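> Pasting data-v8.txt below, which is compact mmCIF, C-alpha atoms.
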# COMPACT_ATOMS: atom_id res chain seq x y z
CA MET A 335 0.87 5.52 -18.62
CA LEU A 336 -2.75 4.83 -17.58
CA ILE A 337 -4.15 3.00 -14.57
CA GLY A 338 -5.17 -0.70 -14.52
CA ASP A 339 -8.47 -0.29 -16.31
CA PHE A 340 -6.94 2.19 -18.81
CA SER A 341 -9.66 4.73 -18.01
CA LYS A 342 -7.34 7.48 -16.84
CA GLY A 343 -3.80 8.13 -15.68
CA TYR A 344 -2.27 7.86 -12.25
CA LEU A 345 -3.25 10.61 -9.84
CA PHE A 346 0.05 10.84 -7.96
CA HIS A 347 3.55 11.57 -9.10
CA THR A 348 5.77 8.51 -9.02
CA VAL A 349 9.38 7.75 -8.23
CA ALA A 350 11.47 4.99 -9.77
CA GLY A 351 11.68 1.79 -7.78
CA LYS A 352 13.16 -1.69 -8.05
CA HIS A 353 10.22 -3.24 -9.87
CA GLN A 354 9.78 -1.22 -13.02
CA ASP A 355 6.32 -2.77 -13.61
CA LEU A 356 4.91 -1.10 -10.44
CA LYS A 357 4.17 2.50 -9.38
CA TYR A 358 6.09 3.85 -6.36
CA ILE A 359 5.38 7.01 -4.38
CA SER A 360 7.60 8.84 -1.95
CA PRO A 361 6.84 9.65 1.68
CA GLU A 362 6.43 13.36 0.67
CA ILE A 363 3.68 12.48 -1.85
CA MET A 364 2.18 10.16 0.78
CA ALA A 365 2.16 12.95 3.37
CA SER A 366 0.49 15.36 0.95
CA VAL A 367 -2.45 12.97 0.34
CA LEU A 368 -2.78 12.69 4.08
CA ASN A 369 -2.73 16.51 4.26
CA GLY A 370 -5.88 16.31 2.13
CA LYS A 371 -4.40 17.40 -1.16
CA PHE A 372 -6.71 15.24 -3.30
CA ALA A 373 -9.66 14.91 -0.95
CA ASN A 374 -11.98 16.00 -3.72
CA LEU A 375 -10.73 13.48 -6.28
CA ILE A 376 -10.49 10.36 -4.00
CA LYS A 377 -13.46 8.18 -2.94
CA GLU A 378 -11.39 5.82 -0.78
CA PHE A 379 -7.70 5.78 0.10
CA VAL A 380 -6.50 2.41 1.44
CA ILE A 381 -3.09 2.03 2.97
CA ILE A 382 -2.14 -1.61 3.38
CA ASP A 383 0.58 -2.16 5.96
CA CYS A 384 2.07 -5.63 5.33
CA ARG A 385 4.26 -5.76 8.45
CA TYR A 386 3.93 -8.12 11.38
CA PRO A 387 1.05 -7.15 13.67
CA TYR A 388 3.49 -6.42 16.46
CA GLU A 389 5.38 -3.86 14.33
CA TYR A 390 2.19 -2.37 13.04
CA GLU A 391 0.76 -2.03 16.56
CA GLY A 392 3.84 -0.11 17.68
CA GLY A 393 3.37 2.61 15.10
CA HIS A 394 1.79 2.66 11.66
CA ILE A 395 0.73 5.32 9.10
CA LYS A 396 -2.56 6.83 10.36
CA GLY A 397 -5.47 5.05 8.73
CA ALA A 398 -3.34 2.10 7.56
CA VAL A 399 -4.81 -1.43 7.74
CA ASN A 400 -2.49 -4.36 8.72
CA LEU A 401 -2.83 -7.21 6.18
CA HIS A 402 0.26 -9.36 6.61
CA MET A 403 -0.94 -12.61 4.95
CA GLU A 404 -2.25 -13.11 1.42
CA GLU A 405 -5.34 -14.71 2.95
CA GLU A 406 -6.07 -11.54 4.94
CA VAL A 407 -5.65 -9.44 1.81
CA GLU A 408 -8.05 -11.82 0.06
CA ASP A 409 -10.68 -11.46 2.78
CA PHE A 410 -10.27 -7.68 3.14
CA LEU A 411 -9.92 -6.07 -0.23
CA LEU A 412 -11.04 -8.76 -2.60
CA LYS A 413 -14.02 -10.06 -0.60
CA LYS A 414 -15.79 -6.73 -0.14
CA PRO A 415 -15.58 -4.69 -3.41
CA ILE A 416 -17.63 -2.22 -5.61
CA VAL A 417 -19.13 0.44 -3.18
CA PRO A 418 -20.25 3.89 -4.50
CA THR A 419 -17.58 4.25 -7.20
CA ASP A 420 -19.24 7.60 -8.17
CA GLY A 421 -16.53 8.67 -10.64
CA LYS A 422 -14.01 9.44 -7.88
CA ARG A 423 -10.85 7.41 -7.40
CA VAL A 424 -10.25 4.31 -5.29
CA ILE A 425 -6.53 4.11 -4.47
CA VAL A 426 -4.54 1.50 -2.52
CA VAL A 427 -0.98 1.99 -1.29
CA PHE A 428 1.11 -1.00 -0.09
CA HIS A 429 4.19 -1.04 2.13
CA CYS A 430 6.10 -3.26 4.47
CA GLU A 431 9.43 -2.92 6.24
CA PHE A 432 11.52 -1.11 3.62
CA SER A 433 8.90 -1.82 0.94
CA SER A 434 10.99 -4.54 -0.58
CA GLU A 435 9.42 -7.88 -1.44
CA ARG A 436 6.35 -8.39 0.73
CA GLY A 437 4.92 -4.98 -0.29
CA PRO A 438 5.48 -5.48 -4.07
CA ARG A 439 4.31 -9.09 -3.79
CA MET A 440 1.00 -8.20 -2.11
CA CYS A 441 0.50 -5.45 -4.67
CA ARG A 442 0.85 -7.93 -7.59
CA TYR A 443 -1.31 -10.40 -5.70
CA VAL A 444 -4.23 -7.97 -5.41
CA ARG A 445 -3.99 -7.15 -9.12
CA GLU A 446 -3.97 -10.78 -10.27
CA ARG A 447 -6.95 -11.72 -8.13
CA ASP A 448 -8.78 -8.56 -9.25
CA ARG A 449 -8.06 -9.36 -12.87
CA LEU A 450 -9.37 -12.91 -12.39
CA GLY A 451 -12.73 -11.87 -10.95
CA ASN A 452 -13.37 -9.30 -13.69
CA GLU A 453 -13.84 -8.92 -17.42
CA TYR A 454 -10.72 -7.24 -18.92
CA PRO A 455 -9.76 -4.48 -18.10
CA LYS A 456 -12.23 -3.72 -15.25
CA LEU A 457 -10.73 -3.73 -11.75
CA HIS A 458 -12.14 -2.91 -8.36
CA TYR A 459 -8.71 -1.49 -7.55
CA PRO A 460 -7.43 0.03 -10.78
CA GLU A 461 -4.80 2.15 -9.07
CA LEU A 462 -2.16 0.72 -6.75
CA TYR A 463 1.12 2.16 -5.41
CA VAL A 464 3.96 0.92 -3.25
CA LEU A 465 5.36 3.36 -0.71
CA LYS A 466 9.03 3.71 -1.52
CA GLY A 467 11.18 3.21 1.59
CA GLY A 468 8.38 1.61 3.55
CA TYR A 469 7.50 2.66 7.05
CA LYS A 470 11.12 3.26 8.15
CA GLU A 471 11.63 6.21 5.74
CA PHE A 472 8.11 7.57 6.21
CA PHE A 473 8.53 7.52 10.00
CA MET A 474 11.85 9.41 10.03
CA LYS A 475 10.41 12.08 7.67
CA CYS A 476 6.76 12.19 8.69
CA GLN A 477 6.55 11.11 12.28
CA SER A 478 3.48 13.30 12.89
CA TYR A 479 1.44 11.28 10.37
CA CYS A 480 2.05 8.01 12.24
CA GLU A 481 -0.18 6.42 14.88
CA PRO A 482 1.21 6.15 17.49
CA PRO A 483 4.13 8.46 16.50
CA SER A 484 6.55 5.63 17.14
CA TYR A 485 8.40 2.92 15.33
CA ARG A 486 8.60 -0.61 16.75
CA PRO A 487 10.66 -2.88 14.43
CA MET A 488 10.99 -6.70 14.79
CA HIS A 489 14.19 -8.20 16.20
CA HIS A 490 16.68 -9.94 13.98
CA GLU A 491 19.28 -12.57 14.66
CA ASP A 492 22.78 -11.28 15.40
CA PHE A 493 23.88 -14.92 15.00
CA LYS A 494 25.69 -15.17 11.68
CA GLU A 495 28.95 -16.16 13.38
What is this structure when it is put down as structure tokens?


Amino acid sequence: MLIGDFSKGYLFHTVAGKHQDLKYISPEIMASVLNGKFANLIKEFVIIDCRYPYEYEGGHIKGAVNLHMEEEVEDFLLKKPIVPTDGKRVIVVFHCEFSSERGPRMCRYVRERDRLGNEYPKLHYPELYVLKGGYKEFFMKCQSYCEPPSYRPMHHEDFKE
């Protein structure tokens, strides 16, 4: 279908994901954008890494911004909008650990807040995607696009005994 403001269709190809109401992209598509594939069509490409700052610091997609809390997302994306829209696309990609729950949640959060502060169907961020597989998959497949080229996951409790 079309993007959030119904003015055009999605630029990237999408893969099926858990939440059928959202658009997912694979690490291959993600890597191609980073290779500059759509440089001429995109005004701003925002990659929102929702992981804990410590994970993010240990290795994140190059150019990604760490916005772990809804309040940070509010301040970052939603507080400073508009900019020279110029007819080119503004795209935001969201991901977390394995892009399950926090990623999709933040994505829906940005849309709702955007909707609220606008007259239907205008949006400052009419095109949003969730990176399928999160940073884990992307790292294993596209380590060279990560900064630093490392992966530092959080610890989990082995206590369940």

> One decimal, in Å: what's the spacing between atom CA of residue A:437 and atom CA of residue A:344?

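The value is 19.0 Å.
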
> Using only C-alpha atoms, which of A:355, A:341, A:405, A:475 sits nearest residue A:456?

A:341

> Skip residue A:474 itself and residues of its chain fewer than 3 positions away, then list as an MDAnalysis selection string all residues within 10 Å of it, counting only C-alpha atoms.

chainID A and resid 361 469:471 477:478 484:485

> What lies within 8 Å of stretch 383-400 of chain A using only C-alpha atoms, ignoring chain neighbours under 2 positions off, as a PDB file with C-alpha atoms, in the coordinates of the input?


ATOM      1  CA  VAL A 380      -6.500   2.410   1.440  1.00  0.00           C
ATOM      2  CA  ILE A 381      -3.090   2.030   2.970  1.00  0.00           C
ATOM      3  CA  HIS A 402       0.260  -9.360   6.610  1.00  0.00           C
ATOM      4  CA  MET A 403      -0.940 -12.610   4.950  1.00  0.00           C
ATOM      5  CA  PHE A 428       1.110  -1.000  -0.090  1.00  0.00           C
ATOM      6  CA  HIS A 429       4.190  -1.040   2.130  1.00  0.00           C
ATOM      7  CA  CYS A 430       6.100  -3.260   4.470  1.00  0.00           C
ATOM      8  CA  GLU A 431       9.430  -2.920   6.240  1.00  0.00           C
ATOM      9  CA  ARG A 436       6.350  -8.390   0.730  1.00  0.00           C
ATOM     10  CA  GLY A 437       4.920  -4.980  -0.290  1.00  0.00           C
ATOM     11  CA  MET A 440       1.000  -8.200  -2.110  1.00  0.00           C
ATOM     12  CA  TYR A 469       7.500   2.660   7.050  1.00  0.00           C
ATOM     13  CA  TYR A 479       1.440  11.280  10.370  1.00  0.00           C
ATOM     14  CA  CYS A 480       2.050   8.010  12.240  1.00  0.00           C
ATOM     15  CA  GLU A 481      -0.180   6.420  14.880  1.00  0.00           C
ATOM     16  CA  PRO A 482       1.210   6.150  17.490  1.00  0.00           C
ATOM     17  CA  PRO A 483       4.130   8.460  16.500  1.00  0.00           C
ATOM     18  CA  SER A 484       6.550   5.630  17.140  1.00  0.00           C
ATOM     19  CA  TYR A 485       8.400   2.920  15.330  1.00  0.00           C
ATOM     20  CA  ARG A 486       8.600  -0.610  16.750  1.00  0.00           C
ATOM     21  CA  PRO A 487      10.660  -2.880  14.430  1.00  0.00           C
ATOM     22  CA  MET A 488      10.990  -6.700  14.790  1.00  0.00           C
TER      23      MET A 488
END

> Counting all atoms listed in the file, which residues have an atom no more than 6 Å from (13.7, 3.1, 0.2) in the file's coordinates? Please list them as a list in words.

residues 432, 466 and 467 of chain A

> What is the atom CA of residue A:446-atom CA of residue A:434 distance in Å, reported with one decimal?

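Distance between the two atoms: 18.9 Å.
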
> What separation in Å, quoted to one decimal, exists between atom CA of residue A:359 and atom CA of residue A:441?

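Here the two named atoms are 13.4 Å from each other.
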
> Near stretch 458-463 of chain A, counting only C-alpha atoms, which residues have an atom at most 8 Å away, once you skip same-chain residues fewer than 4 positions from it, shown as a ChimeraX atom specification?

/A:337-339,344,356-359,415-416,424-428,441,445,448

> Which is closer to residue A:454 than all the others in A:417, A:340, A:350, A:335, using all atoms listed in the file?

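That would be A:340, the residue with the smallest distance to residue A:454.
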
> As JSON, please report the centre and edge lengths, rounded to one decimal in Å, of the axis-aligned box that holds all listed atoms of stretch 483-487 of chain A with 8 Å of padding on each of the six sides.


{"center_x": 7.4, "center_y": 2.8, "center_z": 15.8, "size_x": 22.5, "size_y": 27.3, "size_z": 18.7}

> Could you give me, as a PDB file with C-alpha atoms, keeping the file's coordinate frame, the residues within 8 Å of residue A:412, counting only C-alpha atoms and dropping anything in the same chain fewer than 5 positions from it?


ATOM      1  CA  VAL A 407      -5.650  -9.440   1.810  1.00  0.00           C
ATOM      2  CA  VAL A 444      -4.230  -7.970  -5.410  1.00  0.00           C
ATOM      3  CA  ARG A 447      -6.950 -11.720  -8.130  1.00  0.00           C
ATOM      4  CA  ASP A 448      -8.780  -8.560  -9.250  1.00  0.00           C
TER       5      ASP A 448
END

> Neighbouring residues of residue A:373 were defined as those with any atom within 12 Å, considering only C-alpha atoms; residues of the same chain fewer than 4 positions away were excluded. Please report them as a list in words.

residues 345, 366, 367, 368, 369, 377, 378, 379, 422, 423, 424 and 425 of chain A
